[PDB]
Amino acid sequence: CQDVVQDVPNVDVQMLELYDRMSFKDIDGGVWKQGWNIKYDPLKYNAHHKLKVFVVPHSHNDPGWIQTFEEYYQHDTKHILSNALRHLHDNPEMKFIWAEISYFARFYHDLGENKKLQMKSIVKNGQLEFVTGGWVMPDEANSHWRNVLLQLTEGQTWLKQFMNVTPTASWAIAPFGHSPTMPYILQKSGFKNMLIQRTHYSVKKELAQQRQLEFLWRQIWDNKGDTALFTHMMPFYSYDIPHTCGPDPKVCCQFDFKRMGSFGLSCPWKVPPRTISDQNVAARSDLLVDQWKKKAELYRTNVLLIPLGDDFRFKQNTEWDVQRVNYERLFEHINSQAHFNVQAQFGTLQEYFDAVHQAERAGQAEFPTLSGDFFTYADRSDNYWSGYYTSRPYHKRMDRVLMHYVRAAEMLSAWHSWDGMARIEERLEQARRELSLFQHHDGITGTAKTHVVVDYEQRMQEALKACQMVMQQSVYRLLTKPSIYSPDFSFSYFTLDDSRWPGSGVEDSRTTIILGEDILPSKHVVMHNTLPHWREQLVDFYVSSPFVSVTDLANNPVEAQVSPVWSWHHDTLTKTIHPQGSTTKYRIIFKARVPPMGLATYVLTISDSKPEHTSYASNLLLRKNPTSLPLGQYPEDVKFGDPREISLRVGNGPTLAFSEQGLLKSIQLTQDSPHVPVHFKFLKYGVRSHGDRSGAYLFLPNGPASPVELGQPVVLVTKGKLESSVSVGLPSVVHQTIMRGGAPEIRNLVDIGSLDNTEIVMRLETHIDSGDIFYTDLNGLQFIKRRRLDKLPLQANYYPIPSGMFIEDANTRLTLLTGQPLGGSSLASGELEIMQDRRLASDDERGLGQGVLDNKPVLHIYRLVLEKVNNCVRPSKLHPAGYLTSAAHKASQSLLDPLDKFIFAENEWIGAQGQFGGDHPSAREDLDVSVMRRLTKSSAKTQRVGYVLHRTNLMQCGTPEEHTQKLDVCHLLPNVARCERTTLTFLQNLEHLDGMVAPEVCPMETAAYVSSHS
Ligand SMILES: *[C@@H]1O[C@H](CO)[C@@H](O)[C@H](O)[C@H]1NC(C)=O
Ligand SMILES: OC[C@H]1O[C@H](O)[C@@H](O)[C@@H](O)[C@@H]1O
Ligand SMILES: [Zn+2]
C-alpha cells in the first residue's frame, strides 16, 4: 500500500500552495472582465496544423430549483427530450449531450416502443451522448461521498440496462465549487475524463496564464498518481453561450441564435445575433474564429471545446432549427476557407477528449499534475458562495439521516432473497432515487424555492418510510425461527425509534413503550449495527413507567438508567425558555452490544417498584424564580438552585466544566490532567445595509460576528451513572452537552424564529496554537488542510464542513464531528466555528428570486473530541492532508451510522431469537462496508451481492490496536461460486478473484466486490 502520511506528493499545482501565492486582485481585464486581452499568433495554425473545434450542444436541466422536478418535466424537459429525439433523428450530423438521468429515465419510460427504439438508435450511433450519467449533477460541497456514489450508480445502472452505455466522461458545469471526491469516485468507476466550470475567477485567470486549465487531478495524498483523472476546467465566467465561444461575451452573444427577439431573449451587450447569410458569413466567421483562436490560446492542444447551451435550452423546434442551420452555415464557410486553418463541427464531450488525448500521444502536449480542491467559489468581486454550506439546514440534516437509513435498509434486506410480493426492490429503488435526487446542486445546497424544498422534503419522507418498511420486515425475518416465520408484507412488525430525527423539540414522533400490570408486562426491542465490527452504544427508549428493567435474550440483567422526558418551552407568558418534565413518560437508557452487521434483542420489563439493575438520574434546575417540577412516579425529586458553575464526569471519562450560562468552559481528560480551556459561544452575523446582500448562495457578513445576548438562561443538569447532560435555553438555541463516558455529544435545537437577516454561529474558543491552519473534510471522505487568508474576506475563509473539522498544535487537537453538513471556519488561532442556521430577507441575484425565510426547528448533532497529539505520527508541514484519530473517527461513525432501534409492535413475538451476526467477522476499525446491496431479484439462478469497502486512514498514536479478523465480504453469504472486483457502480468486472476471497483495501482506498452464489 501507498503511504498516505509520510510522502508529500510532487505536483505541478497544489491548490493550497497556489492560494498562498496568489494575490486575488479583482482588476478589469477588458472584454474578458476577469482575464486579460488575449493575443495569438495568426501563424500558429496552418495547412499542416489546423485548429479542430468541437461545438457541443447541451441543455442544463435542473431536477428542481425554481420549479419542482415534475413541474419542469411537464413544462420544459419532456419537450426538450422529445424535440431532441426528432431533430437528431432527422439531422444525422447534429449532436447533443445529456447529464441528468432522473429526467431521461422519466421521459424514456413514457415513450412508446417505436420512439424508444429511435432513441436507442441515436445513442448507439453517437448523436446523443450521456455525460456523467448520474441521476443528477450533484452538489460537491455538502454531499456525502456515499450519496455521490449512490446517485452515480442509480443513473449509470439505468443507462446500462436501457441504453447499453456507460459514460466515461463527466460534465459538471454547475456545482458551486468542485471537490476532489469527484475524480476519486469517477476514476474508480471507469471514468477517463471530467470537466468542471465553477471555480474562483482568480483561479481561472492564474491557471489560464500558465495553460494549466487541463490537468491530471490526483488526490492530495497520492504520491504515485494512480488516482489521477484528466480534468478540463472551462476558463470563463459562465457555461452560457456568451461565455463559451471565447473571451468577449459581446461577440459570443451574437452566436446564440435564440437571442434575436421572438424567444423573449436578448443580448445584455446590446448587439443582437444576426441570421447567417451568404453576404455576412465571411464577416461573421471572421469574428467567431477570432474568438475561438483566442480561447485556444488558453490550452495546450489544437483541439478546442466550444459548449453550445444554457439552462433548459433546445426546447422548441424553432430553437433547434435556428441554432443548427446558422452553425451549419458557419461550419461550411469556415471549413472551406483555407486561410482560417480550422475544422469545426458539432461534437460530443467524449469526441473532444478522445481528440485531446490523440494530440497528447502525438506529442504536441504534456499536461500538468494537480491536487487540491476548488472551494470556496466566487464568481465575481467578493461574492463568495459560502452561504449554501448552511442554507436550509433541516434538509441538510435529513440528508444524513436518509443516507444511513438507505444503507441500513439495503444491508438488512440483502441477507435474503425476497419474493416480488414483498415489494423490497420497489421500496429500495424509491428510497435510493429520492435520496439521489436530493444530491442535486439545488437540493442539499438549500438553494431552491420554498415549494421545491417542500417537494424534496416530502420525497425524502416517503423514502424514510420505505426504508423503515424494508428494515422492519428484514429484522422480523432475520430473528424469527424459520419454521414459525409467517410474514404479512404489509404489516409493521417493528416500529423504528430514532432519538435524533426529527428530534426532541422538532417533532413528537417516537412511540412510548406502554407497559403495565393490566396491559403488557414486557416488550422486545432490537438494535441493528450496520458497521462491520462489534459495537456498544447507549440506546434510549420512551417507556410509560420509571420501574423498568432490561435483560438480554439470555435473561441476563443489563444495567439501565431512567431519566425524565424533558421538553423545552418558549413561555410566552413569563418570557423565559424553560424545561417541562413528563409525568407519564420516561427515558430508559442502557448499553446495547451488537454484532458486526448484526442484530441484538433485549427485553424491557415493568415492575411495581425500583428494579435492582436500574438507577435514576438526579435533576437540577438552575434559575432565579423557580417553580415546582413534578415528575409523577419518578423516584427522585427535582432540585433547584441559582445559576452557578458546574462540573460533571461520567464513568472514567473526561470531566467537563460549565459556566453559569450552561456552556462548556473546560475539559479535563484524566483524573490528574489539566483543565483545558474549551469555551462554547453563540454569535450572530448580520447583513450589509449597502451593496450586495447575503442570500441562499452568498455569505456577505456585515463584519465579524457579535455575541448573542444570553440574558439569564435556565440551565438543566441531569446526572446519571450512564449518561449526564447540561441543557440551556438560549435565544434561538436549546444547547445540550451530553456525556456518556467518552467525548461529549452536543445537540443544538435551533429555531431562528423571526430573526430576519441573521446567521447564528456556534464558536469554540481554545488555547490551541493553530495559527492560520485548520482542517475540514471533503464529502466525509478526507480531511484537507486549510489556511486562513487575511488577504481574503471573512466569507472566503468559510468552507464546507460536511462531517468534521479540527485545529491542532504540536500537543493538542480539538475535533468537532457533525451529523449534518454546515459551513464553518477558524477565523483566529485556537478557534473553530460552525454556522447553525441563517434567515435572510433578500435575494442574492443568482436566480432564486427569494430570500431564505422558511426556517424550521432543526436538531443539529455533534461530537467534540479533545486529544493529546504529541505522540501521533502526523504528516509533515508541507503535506496538504490531515487524518483523524481512532476516537474522532468512531465519534463520526456514532453520528452518521448509529445503531438502529426497533420496537416490536405486537404483544408477543413467537419464535423470537436473541442475535444475528454473532459469527460475522469483526473488521479492523478503519475498514467499513459502505454499501452492501443484493444486485439480483429472486428469479435469478445465480444471486449476486455487491459490496463497497472503504478503508480510511487513522493516525498512529502509540495504541497497540489489537485482535481483529480479516473481513472477506465474498464469504459473508453462503455458497459463493465467484468473487469479482468491480467498478464502484458494480457495472464492470475488473478482476476474477482467486479462491473467491475479496482482499481488504489499502488506507484511503475504496473497492467494490460482487459475490455470486449458487
Ligand atoms: C451493448 O454494447 C456493446 C458494445 O459496447 C455491443 O457489443 C452489444 O451488442 C450491445 N448489447 C445490446 C444487444 O444491446
Ligand atoms: O446561479 C446558480 C444557479 O445557476 C443556474 O441558474 C442553475 O443551473 C441553478 O442550478 C443554480 O442554482
Ligand atoms: Zn443547475
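For reference, positions follow the sequence shown, starting with 1. We use all heavy atoms of the structure for the numbers below, so side chains are in, but hydrogens, waters and symmetry mates are not. Start at 1 and go down the list; that is how both ligands and their atoms are numbered.
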**Asked** Hey, is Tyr388 one of the residues with a heavy atom under 4.0 angstrom from ligand 2?
**Response** no

**Message:** Salt bridge or not between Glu845 and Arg693? Use side-chain N to carboxylate O under 4.0 Å.
**Reply:** no

**Ionic contact status for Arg846 with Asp379, cut-off 4.0 Å** = yes

What does the N/O contact table under 3.5 Å look like for ligand 1?
| from | atom 1 | to | atom 2 | distance (Å) |
| --- | --- | --- | --- | --- |
| ligand 1 | 2 (O) | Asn164 | ND2 | 2.4 |
| ligand 1 | 11 (N) | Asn164 | ND2 | 2.8 |
| ligand 1 | 14 (O) | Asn164 | ND2 | 3.1 |

**Item:** Cation-pi check, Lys33 onto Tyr237 ring (under 6.0 Å, within 45° of axis)
**Value:** no

**Prompt:** Does the ring of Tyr394 carry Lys396 above it, NZ/CZ under 6.0 angstrom from centre and within 45° of its axis?
**Reply:** no

**Nearest-option assignment for atom 4 (O) of ligand 2, heavy atoms, candidates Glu845, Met137, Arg198** =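 It is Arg198 whose heavy atom sits nearest to atom 4 (O) of ligand 2.
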
**Request:** Name the orientation class of the two ring planes belonging to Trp385 and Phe176 (parallel below 30°, tilted from 30 to 60°, perpendicular beyond 60°).
**Result:**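 It falls in the tilted class, 30° to 60°.
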
**Message:** Classify the ring geometry of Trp217 against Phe374: parallel below 30°, tilted from 30° to 60°, perpendicular beyond 60°.
**Reply:** perpendicular

**Prompt:** At a 4.0 Å threshold, what atoms of ligand 2 neighbour a non-hydrogen atom of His441?
**Reply:** 8 (O), 10 (O)

**Asked** Short list, please: which atoms of ligand 2 are under 4.0 Å from a heavy atom of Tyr239?
**Response**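 What qualifies from ligand 2 is 5 (C), 7 (C), 8 (O).
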
Do the side chain of [X] and the main chain of [Y] share a donor and acceptor less than 3.5 angstrom apart?
X      : Y      : answer
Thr982 : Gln988 : no
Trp269 : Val251 : no
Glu319 : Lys315 : yes

**Asked** Take atom NZ in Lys160; do more than 12 heavy atoms of anything else shown fall under 6.0 Å from it?
**Response** no

What protein heavy atom lies closest to [atom]? Include the residue and the distance to one decimal.
atom                    : answer
atom 1 (O) of ligand 2  : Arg846 O, 2.8 Å
atom 8 (O) of ligand 2  : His60 NE2, 2.9 Å
atom 11 (C) of ligand 2 : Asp442 OD1, 3.6 Å
atom 5 (C) of ligand 2  : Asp311 OD2, 3.3 Å

**Message:** Any nitrogen or oxygen of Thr447 lying under 3.5 Å from a nitrogen or oxygen in ligand 2? Just yes or no.
**Reply:**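 N/O-N/O distance under 3.5 Å: no.
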
**Asked** Any N or O of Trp385 that comes nearer than 3.5 Å to an N or O of ligand 2?
**Response** no

**Request:** Would you mind telling me if ligand 2 is within reach of the side chain of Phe312, the backbone, both or neither, using heavy atoms under 4.0 Å?
**Result:** neither

**Request:** Please step through ring-ring contact (aromatic ring centres under 6.0 Å, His included) for the pair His58 and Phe314, ending with a clear verdict.
**Result:** CA-CA 8 Å; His58 68 98; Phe314 297 99; 7.9 Å; no

**Beyond-backbone contact of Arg933 with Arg944, side-chain heavy atoms, under 4.5 angstrom** =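 No; the side chains remain at least 4.5 Å from each other.
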
**Asked** Which residues and atoms, protein N, O or S only, are under 2.8 Å from the Zn ion (ligand 3)?
**Response**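 Less than 2.8 Å away from the Zn ion (ligand 3) sit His60 NE2, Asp62 OD1, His441 NE2.
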
**Message:** What verdict does the side-chain contact (heavy atoms from CB on, under 4.5 Å) test give for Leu81 and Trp98, after you've listed the backbone C-alpha separation in whole Å, the side-chain angles of each residue and the deciding distance to 0.1 Å?
**Reply:** CA-CA 9 Å; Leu81 289 168; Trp98 194 264; 3.7 Å; yes

**Request:** Report the residue from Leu349, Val131, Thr132 that forms a side chain to side chain contact (heavy atoms under 4.5 Å, CB included) with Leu195.
**Result:**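 Going through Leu349, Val131, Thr132 one by one, the side chain to side chain contact (heavy atoms under 4.5 Å, CB included) with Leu195 is satisfied by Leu349 alone.
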
**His441 vs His60, ring-ring contact (aromatic ring centres under 6.0 Å, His included): CA-CA, chis, key distance, verdict** = CA-CA 12 Å; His441 61 268; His60 181 75; 5.2 Å; yes

